[PDB]
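To start, the structure under review is shown below, and the notes come after it.
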Amino acid sequence: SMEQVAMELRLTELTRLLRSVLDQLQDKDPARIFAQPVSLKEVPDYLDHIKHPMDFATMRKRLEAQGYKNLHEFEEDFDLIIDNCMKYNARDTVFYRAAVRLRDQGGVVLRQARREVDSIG
């Protein structure tokens, strides 16, 4: 149907916008702390602590398969990155502090993404 195509175009355009958002957020992580999944070879107990691991590479895979239907889903995954790190790591660590800085900087980006998603439809 043409209605199905139109819905597919909207998903494609959301994907474009989420790719730009993802780039901007990942620039706020210049140490690349959140770039890849926590390795279970290097942190063998991780999944005893963190039930839903997340990282920027994993989000990029989901994005490129057009797997985010709305901004809320994307933000959920971004918040997992931050929130998982702030639980596993203590306050005095470079990991925790990186997460705080990513959250604070990323909020600015997400605030305008939400306006754009709503505005363009």
Side-chain angles (χ1 to χ4, degrees), residues 1-2 4-6 8 11-15 17-40 42-60 62-68 70-110 112-119 121:
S1 78
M2 193 56 220
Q4 289 300 316
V5 167
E8 294 163 358
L11 177 61
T12 298
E13 283 309 290
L14 174 64
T15 304
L17 177 159
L18 300 178
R19 184 174 312 119
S20 169
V21 174
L22 184 61
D23 293 344
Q24 285 177 71
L25 297 172
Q26 184 157 23
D27 288 341
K28 308 313 183 166
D29 173 30
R32 301 189 71 84
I33 293 162
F34 304 105
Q36 295 291 330
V38 174
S39 174
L40 302 177
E42 302 170 356
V43 188
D45 74 357
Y46 192 64
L47 297 181
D48 294 341
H49 292 264
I50 298 303
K51 297 301 165 180
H52 295 101
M54 193 45 53
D55 64 274
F56 285 129
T58 301
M59 293 190 61
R60 193 169 300 273
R62 180 162 173 194
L63 181 62
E64 289 314 325
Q66 300 190 342
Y68 295 115
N70 56 53
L71 180 59
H72 180 74
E73 288 186 351
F74 178 97
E75 295 173 313
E76 285 190 331
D77 272 354
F78 178 65
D79 286 337
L80 281 176
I81 295 176
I82 296 321
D83 294 339
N84 289 344
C85 182
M86 295 175 70
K87 294 174 192 63
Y88 191 82
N89 304 108
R91 249 166 350 260
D92 68 333
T93 60
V94 64
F95 308 108
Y96 185 114
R97 290 162 174 278
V100 169
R101 294 166 57 87
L102 178 63
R103 188 199 62 188
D104 287 348
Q105 294 195 288
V108 179
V109 173
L110 288 168
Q112 196 55 37
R114 161 54 63 204
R115 292 188 70 84
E116 284 171 344
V117 171
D118 289 354
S119 188

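Start at 1 with the first residue, then count along the sequence. Basis for what follows: all heavy atoms, side chains included, without hydrogens, waters or symmetry-related copies.
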[X] and [Y]: which non-hydrogen atoms are nearest, and at how many Å?
X: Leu17; Y: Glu116; result: CD1-CB, 3.9 Å
X: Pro37; Y: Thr58; result: CG-OG1, 4.2 Å
X: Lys87; Y: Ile50; result: CB-CD1, 4.4 Å
X: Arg114; Y: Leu71; result: CA-CD2, 3.5 Å
X: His52; Y: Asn84; result: O-ND2, 2.8 Å

Is there a side-chain contact between [X] and [Y], using heavy atoms and a 4.5 Å cut-off?
X: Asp45; Y: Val43; value: yes
X: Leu63; Y: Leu22; value: yes
X: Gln105; Y: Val109; value: no
X: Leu110; Y: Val21; value: yes

Would you give me the side-chain donor-acceptor pairs under 3.5 Å for residues 23-33, sequence neighbours excluded?
| from | atom 1 | to | atom 2 | distance (Å) |
| --- | --- | --- | --- | --- |
| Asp23 | OD1 | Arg60 | NH1 | 3.0 |
| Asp23 | OD1 | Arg60 | NH2 | 3.1 |
| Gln24 | NE2 | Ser20 | O | 3.3 |
| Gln24 | NE2 | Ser20 | OG | 3.2 |
| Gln26 | OE1 | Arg60 | NH2 | 2.8 |
| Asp29 | OD1 | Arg32 | N | 3.2 |
| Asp29 | OD1 | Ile33 | N | 3.0 |
| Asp29 | OD2 | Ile33 | N | 3.3 |
| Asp29 | OD2 | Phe34 | N | 2.9 |

Rounded to the nearest 0.5 Å, what's the gap from [atom1] on [X] to [atom2] on [Y]? Could you check?
X: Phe74; Y: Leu18; atom1: CZ; atom2: CG; result: 5.5 Å
X: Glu76; Y: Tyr68; atom1: CD; atom2: OH; result: 10.0 Å
X: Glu8; Y: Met2; atom1: CD; atom2: CE; result: 9.5 Å

ring-ring contact (aromatic ring centres under 6.0 Å, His included) against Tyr88, all qualifying residues, sequence neighbours excluded:
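In terms of ring-ring contact (aromatic ring centres under 6.0 Å, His included), with neighbours along the sequence ignored, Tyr88 is linked to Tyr46, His49.
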Contacts of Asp77 that satisfy salt bridge (charged side-chain N to carboxylate O under 4.0 Å, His left out) - sequence neighbours left out:
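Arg62.
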Show me the side-chain donor-acceptor pairs of residues 96-103 shorter than 3.5 Å, one per line, residues at least two apart or across chains.
| from | atom 1 | to | atom 2 | distance (Å) |
| --- | --- | --- | --- | --- |
| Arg97 | NE | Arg91 | O | 3.1 |

Is the backbone N or O of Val38 less than 3.5 Å from a side-chain atom of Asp55, with the two atoms forming a donor-acceptor pair by type?
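No, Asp55 side chain to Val38 backbone: no donor-acceptor pair under 3.5 Å.
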